[PDB]
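Contents: one structure, followed by commentary.
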Amino acid sequence: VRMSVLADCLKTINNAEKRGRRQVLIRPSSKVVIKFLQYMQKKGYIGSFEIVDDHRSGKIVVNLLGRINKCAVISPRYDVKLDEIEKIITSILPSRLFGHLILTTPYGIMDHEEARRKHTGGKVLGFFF
Amino acid sequence: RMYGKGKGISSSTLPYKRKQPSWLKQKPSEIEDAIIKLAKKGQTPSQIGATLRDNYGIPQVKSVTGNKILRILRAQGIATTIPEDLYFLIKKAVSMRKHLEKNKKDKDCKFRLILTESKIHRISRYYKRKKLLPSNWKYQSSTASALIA
Amino acid sequence: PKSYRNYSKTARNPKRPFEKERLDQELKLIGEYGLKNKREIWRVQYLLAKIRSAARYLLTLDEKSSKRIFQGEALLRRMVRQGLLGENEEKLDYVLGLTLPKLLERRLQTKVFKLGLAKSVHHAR
Amino acid sequence: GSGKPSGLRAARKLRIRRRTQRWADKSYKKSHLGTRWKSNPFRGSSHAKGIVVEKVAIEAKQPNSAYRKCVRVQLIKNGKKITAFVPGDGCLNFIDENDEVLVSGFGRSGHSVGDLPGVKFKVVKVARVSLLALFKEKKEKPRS
Amino acid sequence: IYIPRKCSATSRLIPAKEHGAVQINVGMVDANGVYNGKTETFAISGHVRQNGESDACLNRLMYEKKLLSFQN
Amino acid sequence: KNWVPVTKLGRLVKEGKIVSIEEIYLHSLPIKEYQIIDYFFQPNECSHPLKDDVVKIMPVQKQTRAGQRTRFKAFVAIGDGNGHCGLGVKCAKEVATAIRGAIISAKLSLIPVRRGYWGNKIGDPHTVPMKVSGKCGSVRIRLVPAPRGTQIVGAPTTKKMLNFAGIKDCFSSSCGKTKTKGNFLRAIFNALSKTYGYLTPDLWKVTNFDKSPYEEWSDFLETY
RNA sequence: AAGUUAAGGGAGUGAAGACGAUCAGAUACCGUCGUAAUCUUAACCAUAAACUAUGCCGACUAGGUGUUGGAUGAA
RNA sequence: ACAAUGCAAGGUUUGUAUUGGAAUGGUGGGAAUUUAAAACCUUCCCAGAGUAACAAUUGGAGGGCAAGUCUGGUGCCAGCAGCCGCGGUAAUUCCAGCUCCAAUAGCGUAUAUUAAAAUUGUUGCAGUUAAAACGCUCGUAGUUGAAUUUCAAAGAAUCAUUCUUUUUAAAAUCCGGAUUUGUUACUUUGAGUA
Ligand SMILES: [Mg+2]
Ligand SMILES: [Mg+2]
Ligand SMILES: [Mg+2]
Ligand SMILES: [Mg+2]
Ligand SMILES: [Mg+2]
Ligand SMILES: [Mg+2]
Ligand SMILES: [Mg+2]
Ligand SMILES: [Mg+2]
Ligand SMILES: [Mg+2]
Ligand SMILES: [Mg+2]
Ligand SMILES: [Mg+2]
Ligand SMILES: [Mg+2]
Ligand SMILES: [Mg+2]
Ligand SMILES: [Mg+2]
Ligand SMILES: [Mg+2]
Ligand SMILES: [Mg+2]
Ligand SMILES: [Mg+2]
Ligand SMILES: [Mg+2]
Ligand SMILES: [Mg+2]
Ligand SMILES: [Mg+2]
Ligand SMILES: [Mg+2]
């Protein structure tokens, strides 16, 4: 059935972007998903989003700036050491100059660059361009 | 749906407000008493809830009383040894078995009987994993009939 | 026992042996800098290539990572010594921008040809 | 869905399927089955020495029309009888009806080559003189 | 350095060989109703046109300005 | 070399009403006449000229009631060697004629390709900006940006195309039948085209529009 | 489905088979007859182009025309 | 190798046939050294190239694939050809000669292996029709598993962002102040490794 809420949400977002929507109803909100969205917002790819609280798993609706090329999960959240990062990023995201590879790291979720700055690698959630 | 190809979504969905509505006059104690009475009268949890909703003015025992109805039954000590859904399943299985005994050639029934057995075993397992069933409780096709009571 | 005097291949072959353009380029190089084979060219490519690889690796690391600063710096210094870069172009992104001409220039024969001494490249050799 | 499991703790399944499936690869099977050593004249070798038993002609595949000159030889190593095509414009007569021939593969591992039906072997030395040398002739002459 | 054109609706940004995509130009009014000199502009990508959402997008754009008034 | 221009854009280009082909690219205008392209890339005046090549002349048969009926598809890559690449196809009875047709086609195609950088920006862009991937038929190719000193790691044909485009340094892939040269070429072209239509953090800016040739010079076209 | 085993059943159809044609030949197509099987009961079998040639669960994406089964509202 | 003329082409210079002085290893012999003793290495001194006979081969020239629709011979023969193909009297493929091409003191052939192979696919394949969704469902192990539990807030530096400081609950500990709080995976630092 659901397994990875986050992945599904990201897929939905991607679809919305492709269509050229504006708004998009990410249907089960999750702390992790919220965090991811926040991160995205910080690096400009997403606009506002109104996490609507039901009395259940919430819905988010999210405001899109027509700016994302793709966003994605990389399931199997592979543990990833700090040295192992570079190769992974080469494999994944389109240019060294841009895109972001989001890790959950014991210092909260943050992008590959952030991780590098810190020192800790961790488990790899997803990415955008 | 766990077993068919059924994919329907018919469902109760409760209202946003979960502190009881203004019009509800019943104090909690009275409702508890009523619940107890219902239980005594032979009703099962779900049935009891339904009765409460319909005959008396009360939507959800959870909003009037902090506790859910099974919990209150347990507190009062009139909880069944053998959980509602599981019991129902067992009953169904028993019925199926009787039919089979009567009427040996029914293939569809047999198939469905197997399915119900499987579901029982899932449910049964789950209950064992908690502490509602004892660990010494297999479900047996021979015994089953006696168990339900 | 075997000796411990370890030894190493200085030159990798092409890959695609009768690509026209590449061949022509090689020939041109040979002409210009008075070389005996394609082997010499290959050797120099290998020499260049190792350096380039190192540079690439360094660039994958960030600045003020110890390794990057030390090893990268060393590489840069070596390049400078060799007469590959000089004053303007000493930043580790530049050591990638080396080509074969840059390397062949610093061959002794080429230098000789440049600094009078002989009328030709062949003569110099 | 992918087809494959992509669980974090999935590795057993992933390995195991690959291990079973490898064997569908023809090349891999050729390499790793034990029948290589059994069912092969050279018995996992580059060349083999065989005395000749019969100078023989072999008619080519249908489109082309030639009788290719082969030599049915017995490997000293293995006691195996095999046809080996002899190269050269006139290099069947350069060998004797009983000569210690050194025979190689034809270029395609076991698989047969070109016009020839089922001759997988190329004689390339007779009485220790190189067939090629003999063909050239300026280099050498068959000692006997 | 030719910086390509951003679809004013969806921001998709549109290449040379798109065609399809259109730069629709809306002329302004000056009090009377007469054609003011100025012109307010919208580029629309090909994708939206193909979809048929183009009209909707245009309406939204107008609303965002003051040019027309109903949104949808 | 004079030609009576049919289309409006062509007419405009006949005089000095347009600065660069960049302008025309910007407003996504349909270039019809190859003459326009020629005018924009002459050996005199302009810097880099359009170096062309007949990358493939494949013969191609129709099989009528009386035997075969061979035509020749020519493919040509045309290229500035700096920004502009083009890829033309023409099926015609004679080879020379086909080639001629193909050059015209290539000119018509002619696209601007964004060269970018690996790592960090130093002097003059060189590789592709990001991994771009075209498909045509089975063959899908993924140009990945590389560091400076790399050459075009890739097939001969891909190298040929990429030099024309003005990419110096790249990494090719190629899923699918690359033996089918035309398709491969098409894929490469598609990939190149994708470079502008990508939308990088560079381009979040909403810069107000330029005025198209057709509104900026409409008055001048009323005379003819 | 055929097939198997055992009891019944046994109308029509009808592998086998037999003729009659057909054809150079016809051990087939066409026709007349015709066992086995088809049917039930109690077992086996375990396969079919068992075909949506589309594994199952999940999310999303696009409109319209319908249609089976409920529910909601209004005429 | 170099320079003269002779010849060549290019917008006077490069290129290439006659001459002819310079250079030098190789090779030969002495030493100096080397070495346990020799031999090599290097070192010096005598010898010492013009067809510099001090003589470069190997495998190719239809395509793949760089290089001949050059000359004779053969005539579905002999043969070549990894593959497609060539050969049935114009063979650009055989056998030669010439010319050219590649790599070159090396260059072929064979068998194995890696890459080419995203043709074993974790990254990374494919499964309507190309090979491939079990006839169907149940099912143990296996793999996978909704959301939820301290969210946040404020100040200083830098070119909207980066790095830093401070506090916002509860319990135990220490003389109102100050300081400990599930396990493992994971990750970071280490330590210790020939
Ligand atoms: Mg299930
Ligand atoms: Mg559902
Ligand atoms: Mg010893
Ligand atoms: Mg049946
Ligand atoms: Mg039957
Ligand atoms: Mg019977
Ligand atoms: Mg009958
Ligand atoms: Mg009958
Ligand atoms: Mg089957
Ligand atoms: Mg099937
Ligand atoms: Mg060629
Ligand atoms: Mg060969
Ligand atoms: Mg001839
Ligand atoms: Mg020849
Ligand atoms: Mg391999
Ligand atoms: Mg690979
Ligand atoms: Mg495949
Ligand atoms: Mg199939
Ligand atoms: Mg199926
Ligand atoms: Mg299980
Ligand atoms: Mg969870």
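Here's how to read the names in the structure tokens: chain A, B, ... by the order shown, residue numbers from 1 in each chain, ligand numbers from 1 in the order shown.
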Shell of 8 Å around residue 46 in chain C, only C-alpha atoms (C1' of nucleotides), local chain residues under 2 positions omitted, as a VMD selection string: chain C and resid 10 to 12 42 to 44 48 to 50
Check: which chain C residues lie within 8 Å of chain F using only C-alpha atoms, as a list in words: residues 19, 52, 56, 59, 93, 96, 97, 98 and 99 of chain C
Test item, strand (DSSP E or B) assignment across range 65-177 of chain F, answer as number ranges by chain: F: 70-79, 84-92, 111-112, 116, 127, 132-136, 139-145, 152-153, 170-171, 175
What does the list of residues within 10 Å of ligand 16 look like if you count only C-alpha atoms (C1' of nucleotides) and all ligand atoms, written as a PDB file with N, CA and C atoms (P, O5', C5', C4', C3', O3' and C1' of nucleotides), in the first residue's frame?
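The file below, pocket12.pdb, is the result:
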ATOM      1  N   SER F 173      27.001   8.868 -23.490  1.00  0.00           N
ATOM      2  CA  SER F 173      26.451   7.541 -23.283  1.00  0.00           C
ATOM      3  C   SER F 173      25.818   7.202 -24.616  1.00  0.00           C
TER       4      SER F 173
ATOM      5  P     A H 115      33.996  -7.035 -17.475  1.00  0.00           P
ATOM      6  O5'   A H 115      34.412  -5.762 -18.327  1.00  0.00           O
ATOM      7  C5'   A H 115      34.879  -4.577 -17.665  1.00  0.00           C
ATOM      8  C4'   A H 115      35.368  -3.596 -18.691  1.00  0.00           C
ATOM      9  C3'   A H 115      34.359  -3.242 -19.773  1.00  0.00           C
ATOM     10  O3'   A H 115      33.517  -2.181 -19.370  1.00  0.00           O
ATOM     11  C1'   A H 115      36.426  -3.784 -20.768  1.00  0.00           C
ATOM     12  P     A H 116      32.014  -2.177 -19.847  1.00  0.00           P
ATOM     13  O5'   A H 116      32.144  -2.273 -21.435  1.00  0.00           O
ATOM     14  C5'   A H 116      31.903  -1.135 -22.292  1.00  0.00           C
ATOM     15  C4'   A H 116      32.402  -1.382 -23.704  1.00  0.00           C
ATOM     16  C3'   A H 116      31.440  -2.080 -24.663  1.00  0.00           C
ATOM     17  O3'   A H 116      30.465  -1.226 -25.256  1.00  0.00           O
ATOM     18  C1'   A H 116      33.537  -3.108 -24.834  1.00  0.00           C
ATOM     19  P     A H 117      28.978  -1.137 -24.659  1.00  0.00           P
ATOM     20  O5'   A H 117      28.837  -2.457 -23.774  1.00  0.00           O
ATOM     21  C5'   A H 117      27.541  -3.049 -23.576  1.00  0.00           C
ATOM     22  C4'   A H 117      27.428  -3.809 -22.271  1.00  0.00           C
ATOM     23  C3'   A H 117      28.582  -3.738 -21.274  1.00  0.00           C
ATOM     24  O3'   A H 117      28.120  -3.847 -19.926  1.00  0.00           O
ATOM     25  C1'   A H 117      28.319  -5.966 -22.016  1.00  0.00           C
ATOM     26  P     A H 118      27.756  -2.545 -19.055  1.00  0.00           P
ATOM     27  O5'   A H 118      26.192  -2.374 -19.295  1.00  0.00           O
ATOM     28  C5'   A H 118      25.330  -3.518 -19.332  1.00  0.00           C
ATOM     29  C4'   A H 118      23.913  -3.108 -19.637  1.00  0.00           C
ATOM     30  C3'   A H 118      23.684  -2.458 -21.005  1.00  0.00           C
ATOM     31  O3'   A H 118      22.630  -3.084 -21.737  1.00  0.00           O
ATOM     32  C1'   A H 118      22.855  -1.074 -19.243  1.00  0.00           C
ATOM     33  P     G H 121      25.488  -7.936 -12.794  1.00  0.00           P
ATOM     34  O5'   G H 121      24.674  -6.664 -13.290  1.00  0.00           O
ATOM     35  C5'   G H 121      23.774  -6.044 -12.369  1.00  0.00           C
ATOM     36  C4'   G H 121      22.724  -5.211 -13.057  1.00  0.00           C
ATOM     37  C3'   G H 121      21.286  -5.598 -12.750  1.00  0.00           C
ATOM     38  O3'   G H 121      20.841  -4.953 -11.561  1.00  0.00           O
ATOM     39  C1'   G H 121      21.592  -4.820 -14.999  1.00  0.00           C
ATOM     40  P     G H 124      20.956   4.050 -12.423  1.00  0.00           P
ATOM     41  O5'   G H 124      20.768   2.690 -13.232  1.00  0.00           O
ATOM     42  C5'   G H 124      19.481   2.291 -13.727  1.00  0.00           C
ATOM     43  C4'   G H 124      19.562   0.942 -14.389  1.00  0.00           C
ATOM     44  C3'   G H 124      19.383  -0.257 -13.466  1.00  0.00           C
ATOM     45  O3'   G H 124      18.789  -1.344 -14.163  1.00  0.00           O
ATOM     46  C1'   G H 124      21.519  -0.335 -14.414  1.00  0.00           C
TER      47        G H 124
END
DSSP on the backbone, then: every residue of range 21-223 of chain F marked alpha helix (DSSP H), written as a compact mmCIF listing (two decimals) with N, CA and C atoms, in the first residue's frame.
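Result file out-v1.txt:
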# COMPACT_ATOMS: atom_id res chain seq x y z
N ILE F 21 21.24 36.52 -35.22
CA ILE F 21 20.33 35.36 -35.19
C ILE F 21 19.77 35.01 -33.80
N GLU F 22 20.50 35.48 -32.77
CA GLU F 22 20.10 35.35 -31.38
C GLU F 22 18.73 35.95 -31.16
N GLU F 23 18.52 37.14 -31.72
CA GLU F 23 17.27 37.87 -31.61
C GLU F 23 16.12 37.01 -32.16
N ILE F 24 16.37 36.45 -33.34
CA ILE F 24 15.31 35.65 -33.97
C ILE F 24 15.02 34.40 -33.16
N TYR F 25 16.07 33.79 -32.59
CA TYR F 25 15.90 32.63 -31.72
C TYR F 25 15.02 32.98 -30.53
N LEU F 26 15.30 34.13 -29.95
CA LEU F 26 14.59 34.63 -28.78
C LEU F 26 13.09 34.63 -28.91
N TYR F 34 16.90 29.44 -46.02
CA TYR F 34 18.33 29.27 -45.67
C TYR F 34 19.22 30.49 -45.96
N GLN F 35 18.72 31.35 -46.85
CA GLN F 35 19.40 32.58 -47.20
C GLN F 35 19.67 33.44 -45.96
N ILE F 36 18.71 33.47 -45.05
CA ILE F 36 18.81 34.21 -43.80
C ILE F 36 20.03 33.75 -43.01
N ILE F 37 20.10 32.42 -42.90
CA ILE F 37 21.19 31.77 -42.14
C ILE F 37 22.53 32.12 -42.76
N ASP F 38 22.57 32.06 -44.10
CA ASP F 38 23.79 32.38 -44.85
C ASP F 38 24.24 33.80 -44.54
N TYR F 39 23.27 34.70 -44.57
CA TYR F 39 23.50 36.13 -44.31
C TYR F 39 24.09 36.31 -42.93
N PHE F 40 23.51 35.61 -41.96
CA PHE F 40 24.10 35.66 -40.60
C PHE F 40 25.50 35.06 -40.37
N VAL F 95 23.00 12.08 -55.63
CA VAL F 95 23.66 12.19 -54.33
C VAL F 95 23.93 13.65 -54.02
N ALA F 96 24.50 14.33 -55.02
CA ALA F 96 24.90 15.73 -54.89
C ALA F 96 23.69 16.60 -54.52
N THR F 97 22.61 16.35 -55.26
CA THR F 97 21.36 17.10 -55.06
C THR F 97 20.85 16.89 -53.64
N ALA F 98 20.90 15.64 -53.20
CA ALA F 98 20.46 15.26 -51.85
C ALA F 98 21.25 16.02 -50.81
N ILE F 99 22.56 16.04 -51.02
CA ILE F 99 23.50 16.73 -50.12
C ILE F 99 23.15 18.20 -50.02
N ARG F 100 22.89 18.79 -51.18
CA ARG F 100 22.53 20.21 -51.29
C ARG F 100 21.27 20.49 -50.47
N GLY F 101 20.29 19.61 -50.65
CA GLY F 101 19.01 19.71 -49.96
C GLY F 101 19.21 19.68 -48.45
N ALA F 102 20.05 18.74 -48.03
CA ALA F 102 20.38 18.47 -46.65
C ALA F 102 21.04 19.67 -46.09
N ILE F 103 21.92 20.38 -46.80
CA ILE F 103 22.56 21.54 -46.19
C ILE F 103 21.54 22.62 -45.86
N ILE F 104 20.62 22.82 -46.79
CA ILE F 104 19.52 23.78 -46.63
C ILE F 104 18.70 23.41 -45.38
N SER F 105 18.39 22.12 -45.29
CA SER F 105 17.61 21.58 -44.17
C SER F 105 18.31 21.86 -42.85
N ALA F 106 19.61 21.61 -42.85
CA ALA F 106 20.47 21.82 -41.67
C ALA F 106 20.41 23.27 -41.24
N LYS F 107 20.53 24.15 -42.23
CA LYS F 107 20.49 25.60 -42.00
C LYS F 107 19.17 25.99 -41.34
N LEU F 108 18.09 25.44 -41.88
CA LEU F 108 16.75 25.70 -41.36
C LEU F 108 16.64 25.26 -39.90
N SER F 109 17.16 24.08 -39.64
CA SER F 109 17.20 23.49 -38.29
C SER F 109 17.91 24.42 -37.32
N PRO F 156 32.63 8.44 -32.78
CA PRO F 156 33.11 9.37 -33.80
C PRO F 156 32.04 10.36 -34.24
N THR F 157 30.85 9.84 -34.54
CA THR F 157 29.75 10.65 -35.04
C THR F 157 29.39 11.72 -34.00
N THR F 158 29.31 11.28 -32.74
CA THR F 158 28.95 12.20 -31.66
C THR F 158 29.99 13.29 -31.53
N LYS F 159 31.26 12.91 -31.64
CA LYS F 159 32.38 13.85 -31.58
C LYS F 159 32.24 14.91 -32.66
N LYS F 160 31.94 14.42 -33.86
CA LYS F 160 31.77 15.27 -35.04
C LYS F 160 30.66 16.29 -34.78
N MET F 161 29.55 15.79 -34.25
CA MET F 161 28.41 16.67 -34.01
C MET F 161 28.78 17.73 -32.94
N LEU F 162 29.45 17.25 -31.91
CA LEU F 162 29.70 18.07 -30.75
C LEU F 162 30.66 19.14 -31.07
N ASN F 163 31.69 18.89 -31.88
CA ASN F 163 32.64 19.92 -32.30
C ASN F 163 31.90 21.04 -33.03
N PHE F 164 31.01 20.63 -33.93
CA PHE F 164 30.20 21.58 -34.71
C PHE F 164 29.37 22.45 -33.79
N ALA F 165 28.75 21.80 -32.82
CA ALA F 165 27.92 22.48 -31.80
C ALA F 165 28.73 23.55 -31.08
N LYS F 181 22.61 5.50 -37.83
CA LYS F 181 23.39 6.71 -37.64
C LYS F 181 22.48 7.91 -37.55
N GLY F 182 21.48 7.95 -38.44
CA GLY F 182 20.58 9.08 -38.56
C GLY F 182 19.87 9.34 -37.24
N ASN F 183 19.36 8.24 -36.68
CA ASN F 183 18.63 8.32 -35.40
C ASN F 183 19.52 8.85 -34.31
N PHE F 184 20.75 8.36 -34.28
CA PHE F 184 21.76 8.78 -33.30
C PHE F 184 21.98 10.29 -33.39
N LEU F 185 22.14 10.74 -34.63
CA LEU F 185 22.36 12.15 -34.93
C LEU F 185 21.22 13.00 -34.40
N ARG F 186 20.01 12.52 -34.68
CA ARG F 186 18.77 13.18 -34.26
C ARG F 186 18.74 13.31 -32.76
N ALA F 187 19.08 12.22 -32.09
CA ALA F 187 19.10 12.15 -30.62
C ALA F 187 20.04 13.20 -30.07
N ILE F 188 21.23 13.25 -30.68
CA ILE F 188 22.27 14.20 -30.26
C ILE F 188 21.75 15.63 -30.38
N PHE F 189 21.11 15.89 -31.52
CA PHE F 189 20.53 17.20 -31.82
C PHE F 189 19.52 17.59 -30.76
N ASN F 190 18.67 16.63 -30.44
CA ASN F 190 17.61 16.81 -29.43
C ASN F 190 18.22 17.19 -28.10
N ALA F 191 19.27 16.46 -27.74
CA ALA F 191 20.00 16.68 -26.48
C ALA F 191 20.52 18.12 -26.43
N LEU F 192 21.13 18.51 -27.55
CA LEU F 192 21.71 19.84 -27.68
C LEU F 192 20.64 20.91 -27.49
N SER F 193 19.51 20.68 -28.13
CA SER F 193 18.36 21.58 -28.08
C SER F 193 17.89 21.75 -26.65
N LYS F 194 17.80 20.62 -25.94
CA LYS F 194 17.40 20.61 -24.54
C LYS F 194 18.22 21.54 -23.68
N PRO F 213 10.71 41.37 -33.72
CA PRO F 213 10.87 42.04 -35.01
C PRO F 213 9.56 42.52 -35.63
N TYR F 214 8.50 41.72 -35.50
CA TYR F 214 7.24 42.01 -36.15
C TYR F 214 6.48 43.22 -35.60
N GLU F 215 6.64 43.54 -34.32
CA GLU F 215 6.05 44.77 -33.76
C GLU F 215 7.02 45.97 -33.78
N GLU F 216 8.31 45.70 -33.59
CA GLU F 216 9.34 46.75 -33.55
C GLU F 216 9.60 47.37 -34.93
N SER F 218 7.17 46.82 -37.65
CA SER F 218 5.93 46.67 -38.44
C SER F 218 5.73 47.79 -39.47
N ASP F 219 5.97 49.02 -39.03
CA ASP F 219 6.02 50.22 -39.89
C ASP F 219 6.88 50.11 -41.17
N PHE F 220 8.06 49.50 -41.04
CA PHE F 220 8.99 49.30 -42.16
C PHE F 220 8.49 48.24 -43.15
N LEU F 221 7.75 47.25 -42.65
CA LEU F 221 7.14 46.22 -43.51
C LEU F 221 5.89 46.70 -44.27
Determine, for each residue of chain G having at least one atom at most 12 Å from an atom of chain B, the closest pair of atoms and their separation in Å to one decimal, counting only C-alpha atoms (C1' of nucleotides); order by chain and ascending number, as CSV.
residue,atom,partner,partner_atom,distance
G:41,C1',B:105,CA,11.2
G:42,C1',B:105,CA,10.9
G:56,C1',B:5,CA,10.7
G:57,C1',B:2,CA,10.3
G:70,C1',B:10,CA,10.8
G:71,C1',B:10,CA,10.3
For residue 36 in chain E: contacts at 12 Å, only C-alpha atoms (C1' of nucleotides), fewer than 5 positions along chain excluded, given as a list in words: residues 26, 27, 28, 29, 30 and 31 of chain E
With only C-alpha atoms (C1' of nucleotides) and all ligand atoms counted, collect every polymer residue having an atom within 9 Å of ligand 7; state the result as a PDB file with N, CA and C atoms (P, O5', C5', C4', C3', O3' and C1' of nucleotides), in the first residue's frame.
ATOM      1  P     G G  10     -31.485 -44.691 -20.288  1.00  0.00           P
ATOM      2  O5'   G G  10     -30.870 -44.489 -21.746  1.00  0.00           O
ATOM      3  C5'   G G  10     -30.851 -43.188 -22.365  1.00  0.00           C
ATOM      4  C4'   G G  10     -29.517 -42.923 -23.022  1.00  0.00           C
ATOM      5  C3'   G G  10     -29.228 -43.750 -24.257  1.00  0.00           C
ATOM      6  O3'   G G  10     -29.881 -43.141 -25.348  1.00  0.00           O
ATOM      7  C1'   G G  10     -27.297 -43.635 -22.901  1.00  0.00           C
ATOM      8  P     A G  11     -30.877 -43.970 -26.247  1.00  0.00           P
ATOM      9  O5'   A G  11     -30.838 -43.130 -27.599  1.00  0.00           O
ATOM     10  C5'   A G  11     -32.030 -42.579 -28.169  1.00  0.00           C
ATOM     11  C4'   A G  11     -32.122 -41.085 -27.953  1.00  0.00           C
ATOM     12  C3'   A G  11     -31.313 -40.208 -28.891  1.00  0.00           C
ATOM     13  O3'   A G  11     -31.759 -40.192 -30.249  1.00  0.00           O
ATOM     14  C1'   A G  11     -31.393 -39.252 -26.725  1.00  0.00           C
ATOM     15  P     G G  12     -30.765 -40.651 -31.424  1.00  0.00           P
ATOM     16  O5'   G G  12     -29.931 -39.335 -31.742  1.00  0.00           O
ATOM     17  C5'   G G  12     -30.564 -38.209 -32.363  1.00  0.00           C
ATOM     18  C4'   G G  12     -29.916 -36.922 -31.910  1.00  0.00           C
ATOM     19  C3'   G G  12     -28.491 -36.699 -32.383  1.00  0.00           C
ATOM     20  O3'   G G  12     -28.516 -36.239 -33.735  1.00  0.00           O
ATOM     21  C1'   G G  12     -28.617 -36.256 -30.072  1.00  0.00           C
ATOM     22  P     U G  13     -27.492 -36.845 -34.823  1.00  0.00           P
ATOM     23  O5'   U G  13     -26.088 -36.313 -34.295  1.00  0.00           O
ATOM     24  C5'   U G  13     -25.907 -34.902 -34.144  1.00  0.00           C
ATOM     25  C4'   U G  13     -24.661 -34.572 -33.366  1.00  0.00           C
ATOM     26  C3'   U G  13     -23.371 -35.247 -33.791  1.00  0.00           C
ATOM     27  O3'   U G  13     -22.730 -34.639 -34.897  1.00  0.00           O
ATOM     28  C1'   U G  13     -23.570 -35.372 -31.456  1.00  0.00           C
ATOM     29  P     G G  14     -22.301 -35.538 -36.138  1.00  0.00           P
ATOM     30  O5'   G G  14     -21.026 -36.330 -35.612  1.00  0.00           O
ATOM     31  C5'   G G  14     -19.871 -35.655 -35.100  1.00  0.00           C
ATOM     32  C4'   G G  14     -19.216 -36.511 -34.044  1.00  0.00           C
ATOM     33  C3'   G G  14     -18.571 -37.793 -34.536  1.00  0.00           C
ATOM     34  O3'   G G  14     -17.260 -37.513 -35.009  1.00  0.00           O
ATOM     35  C1'   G G  14     -19.907 -38.276 -32.652  1.00  0.00           C
ATOM     36  P     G G  34     -26.615 -45.376 -36.518  1.00  0.00           P
ATOM     37  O5'   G G  34     -25.194 -45.769 -35.909  1.00  0.00           O
ATOM     38  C5'   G G  34     -24.743 -47.137 -35.799  1.00  0.00           C
ATOM     39  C4'   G G  34     -23.232 -47.208 -35.677  1.00  0.00           C
ATOM     40  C3'   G G  34     -22.601 -46.511 -34.479  1.00  0.00           C
ATOM     41  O3'   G G  34     -22.556 -47.335 -33.318  1.00  0.00           O
ATOM     42  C1'   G G  34     -21.451 -45.863 -36.433  1.00  0.00           C
ATOM     43  P     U G  35     -23.274 -46.888 -31.949  1.00  0.00           P
ATOM     44  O5'   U G  35     -22.088 -46.273 -31.097  1.00  0.00           O
ATOM     45  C5'   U G  35     -21.811 -46.765 -29.783  1.00  0.00           C
ATOM     46  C4'   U G  35     -20.664 -47.762 -29.787  1.00  0.00           C
ATOM     47  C3'   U G  35     -19.494 -47.382 -28.890  1.00  0.00           C
ATOM     48  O3'   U G  35     -19.714 -47.934 -27.612  1.00  0.00           O
ATOM     49  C1'   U G  35     -18.684 -47.842 -31.050  1.00  0.00           C
TER      50        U G  35
END
Enumerate as a JSON list (two decimals) with C-alpha atoms, in the first residue's frame the residues belonging to chain A that approach chain G to within 10 Å, with only C-alpha atoms (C1' of nucleotides) taken into account.
[["chain", "number", "residue", "atom", "x", "y", "z"],
["A", 1, "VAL", "CA", 0.00, 0.00, 0.00],
["A", 2, "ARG", "CA", 1.61, 3.36, 1.12],
["A", 3, "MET", "CA", 5.06, 2.42, 2.38],
["A", 4, "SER", "CA", 6.89, 5.72, 1.70],
["A", 5, "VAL", "CA", 4.49, 8.62, 1.96],
["A", 7, "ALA", "CA", 8.13, 9.27, -2.21],
["A", 8, "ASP", "CA", 4.49, 9.40, -3.26],
["A", 9, "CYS", "CA", 4.29, 13.08, -2.35],
["A", 10, "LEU", "CA", 7.40, 13.86, -4.37],
["A", 11, "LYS", "CA", 6.01, 11.97, -7.37],
["A", 12, "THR", "CA", 2.78, 13.96, -7.11],
["A", 13, "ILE", "CA", 4.74, 17.20, -6.97],
["A", 14, "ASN", "CA", 6.75, 16.20, -10.03],
["A", 15, "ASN", "CA", 3.56, 15.38, -11.92],
["A", 16, "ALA", "CA", 2.09, 18.75, -10.98],
["A", 18, "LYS", "CA", 5.09, 18.63, -15.48],
["A", 19, "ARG", "CA", 1.47, 19.62, -16.04],
["A", 26, "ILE", "CA", 0.07, 16.34, -1.18],
["A", 27, "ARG", "CA", -2.22, 13.97, 0.52]]
Can you check which parts of range 1-68 of chain C lie within 12 Å of range 108-125 of chain A? Per residue, the shortest pair of atoms and distance in Å to one decimal, counting only C-alpha atoms, sorted by chain and number, as a tab-separated table.
residue	atom	partner	partner_atom	distance
C:60	CA	A:116	CA	11.8
C:61	CA	A:116	CA	9.7
C:62	CA	A:116	CA	8.7
C:63	CA	A:117	CA	10.9
C:64	CA	A:117	CA	10.8
C:65	CA	A:117	CA	10.3
